[PDB]
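Pasting a structure below so you can have a look.
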Amino acid sequence: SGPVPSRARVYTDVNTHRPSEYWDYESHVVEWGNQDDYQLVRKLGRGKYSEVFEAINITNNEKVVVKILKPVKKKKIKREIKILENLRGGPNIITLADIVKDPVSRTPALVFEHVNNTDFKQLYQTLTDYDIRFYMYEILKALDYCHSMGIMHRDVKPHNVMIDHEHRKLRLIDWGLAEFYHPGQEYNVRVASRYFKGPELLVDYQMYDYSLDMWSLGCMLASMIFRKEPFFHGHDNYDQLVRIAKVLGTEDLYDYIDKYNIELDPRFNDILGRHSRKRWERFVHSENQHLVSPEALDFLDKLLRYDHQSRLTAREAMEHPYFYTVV
Ligand SMILES: NC(=O)CCNCc1ccc(-c2ccccc2)c(Cl)c1
């Protein structure tokens with residue numbers, strides 16, 4: 001009678017028990033300020049529906065970040081704006097300072113606090129085992145916060161984590177794919193970046209929850225501790241599940257799809273194969289061994305599980321012995 005329903009093991013009805021205004025972003029009233037108070041400095045990057053600039057607020061000589069949005073779907077702009085306002089001031093969540101539009105073109109822009117992002121290319125060698133545990137803890141603070149607030153990020157990846165290592169400051173950014181969690185809601189599976197997509201998205205299991213961000217965090221941790229970027233290198237979305245299966249094995253993949261009554265796409269039939277469950281220690285080499293520990297492996301093992309319900313929650317994760325050395 002179709003796939004088996006599922007709901008989050010934590011913060012299940014946080015939106016159900018709150019007023020409609022908190023989660024109804026379509027009904028959210030946005031009030032734009034004037035862009036003229038901002039001075040664009042330099043291009044920091046470019047997304048598919050966004051253009052990110054470094055800027056200065058002329059009124060106080062403060063460095064800000066300006067994200068110009070292509071109005072592809074106003075509903076998505078309203079969703080990002082609503083979520084950013086709801087999470088404002090949360091631990092390690094990018095702060096939305098203002099919302100403005102350019103008078104002439106009317107293109108919407110989000111103004112954020114500034115993060116002085118440390119040279120990551122040069123950073124990949126100076127980070128230690130302590131650094132990884134410390135920064136992992138900080139991302140979990142952000143996730144436990146947005147999950148307690150009924151939001152799932154749905155795009156956790158290195159690119160969306162800004163680190164100012166001189167000041168040990170971490171910010172989770174790009175809430176453009178974030179969504180409000182409503183138990184029983186079927187979500188679009190075309191979220192997150194390929195390398196970070198949870199098995200639920202790949203097998204087309206639409207009733208996912210906050211545990212999706214927990215899979216993405218595992219992908220990130222495995223790439224950090226094992227210095228293998230990305231950890232699951234799929235070449236398409238169908239191949240992505242095969243890359244996971246080569247590590248987690250096909251046995252538990254059927255245990256998963258059977259548990260939730262999932263219909264595997266017939267495109268997998270020829271490519272999936274049969275794979276044994278691998279051991280995390282196999283990924284330890286001379287290059288990475290200085291960042292790998294038993295605690296790190298036990299933690300990793302508990303995040304990268306097929307079954308979204310078996311994954312640690314951000315709270316459970318914060319308690320794990322992997323984090324005993326950090327405040
Ligand atoms: N948009 C950008 O260019 C920012 C790119 N983000 C840099 C970055 C550097 C280090 C980490 C990290 C991950 C795990 C443990 C400790 C540190 C992350 Cl998640 C991200």
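What follows draws every value from the coordinates through simple rules; no lab data is involved. Here the Cβ is made from the backbone with ideal geometry for all residues, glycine too, and neighbour counts use every protein chain on show.
Per DSSP H run of n ≥ 4, the term is -39500 (n - 2.57); total these for the chain, divide by its residue number, and report the mean residue ellipticity at 222 nm rounded to 500 deg cm²/dmol.
On the way: 10 runs with 103 residues, N = 327.
Dividing the helical sum by the residues of the chain leaves -9500 deg cm²/dmol.
Something else now. For the pairs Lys197/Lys228; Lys76/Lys157; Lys48/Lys197; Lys76/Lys169; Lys63/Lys141, flag any whose C-alpha to C-alpha distance is greater than 22 Å.
On the way: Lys197/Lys228 17 Å; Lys76/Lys157 20 Å; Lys48/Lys197 18 Å; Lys76/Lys169 28 Å; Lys63/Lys141 25 Å.
From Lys197/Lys228; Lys76/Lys157; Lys48/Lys197; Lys76/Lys169; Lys63/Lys141, over 22 Å: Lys76/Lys169; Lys63/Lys141.
For the stretch 1-58, which GluC sites (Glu not before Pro) pass both filters: DSSP loop (anything but H, G, I, E, B) and at most 12 other C-beta atoms within 10 Å? Intermediate results must be reported in sequence, preceding the final value.
Values: sites: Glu21, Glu26, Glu31, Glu51, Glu54; in loops: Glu26, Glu31.
Within the stretch 1-58, the qualifying GluC sites (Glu not before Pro) (loop, at most 12 other Cβ atoms within 10 Å) are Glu26, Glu31.
Something else now. Mind giving me the nanometre distance, one decimal, between the label points for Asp131 and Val41, set 7 Å out from Cα along Cα→Cβ?
2.4
Eigenvalues of the Cα gyration tensor times 5, then square-rooted: what semi-axes does that give for the stretch 195-327, in whole angstrom, largest first?
Output for the stretch 195-327: semi-axes of 25, 18, 12 Å.
A further question follows. Rg and Dmax of the chain, Cα atoms, in Å?
Rg, Dmax (Cα atoms, Å): 20.4, 63.
Right, here's the next one. Mind listing which GluC sites (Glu not before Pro) in the stretch 120-181 are in a DSSP loop and have 15 or fewer other Cβ atoms within 10 Å? Could the numbers behind the result be given before it?
Details: sites: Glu138, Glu166, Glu179; in loops: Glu166.
Answer in residue order: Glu166.
Taking amide H positions as placed 1.01 Å from N in the peptide plane, with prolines and chain starts having none, which residues 5 or more places from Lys169, or on another chain, fall under 5 Å of its amide H?
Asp164
Let me ask something else. List every residue whose amide H lies under 5 Å from the amide H of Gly33, counting only residues 5 or more places away in sequence or on a different chain, with H placed 1.01 Å from N in the peptide plane.
For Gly33, the qualifying residues are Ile99, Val100, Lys101.
Just to check I understand the Karplus step: with θ = phi - 60° and J = 6.51 cos²θ - 1.76 cosθ + 1.60, what whole-Hz values come out for the stretch 30-39, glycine and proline as x?
9, 10, 7, x, 9, 5, 3, 7, 10, 10
So which trypsin sites (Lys or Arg not before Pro) in the stretch 124-168 pass both tests, a DSSP loop state and at most 14 other Cβ atoms within 10 Å of the Cβ? Each step should come with its number before you reach the end.
Numbers: sites: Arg133, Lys141, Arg154, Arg168; in loops: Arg154, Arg168.
Taking the stretch 124-168 and a limit of 14 other Cβ atoms within 10 Å, the loop trypsin sites (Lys or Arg not before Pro) found are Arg168.
Suppose every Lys and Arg Cβ carries +1 and every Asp and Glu Cβ carries -1, with no other charges. What dipole size does the chain come out with about its Cα centre, to the nearest 20 debye?
Details: 46 positive and 48 negative charges, 123 e Å.
The calculation lands at about 580 debye.
Then there is this: Per-residue HN-Hα couplings for the stretch 113-130, Karplus 6.51 cos²θ - 1.76 cosθ + 1.60 at θ = phi - 60°, whole Hz, x for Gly and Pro?
Each residue's phi maps through the Karplus curve to give 4, 9, 10, 8, 5, 5, 3, 6, 4, 7, 5, 3, 10, 7, 6, 10, 4, 4 Hz.
List, in order, the whole-Hz ³J(HN,Hα) value for each residue of the stretch 152-160 obtained from phi through the Karplus relation with A = 6.51, B = -1.76, C = 1.60 and θ = phi - 60°; use x for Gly and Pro.
10, 5, 6, 7, 4, 6, x, 4, 8
Let me know the Rg and Dmax you get for the stretch 24-114 when you use only its Cα atoms, in Å.
Looking at the stretch 24-114, its Cα Rg and Dmax stand at 12.7, 36 Å.
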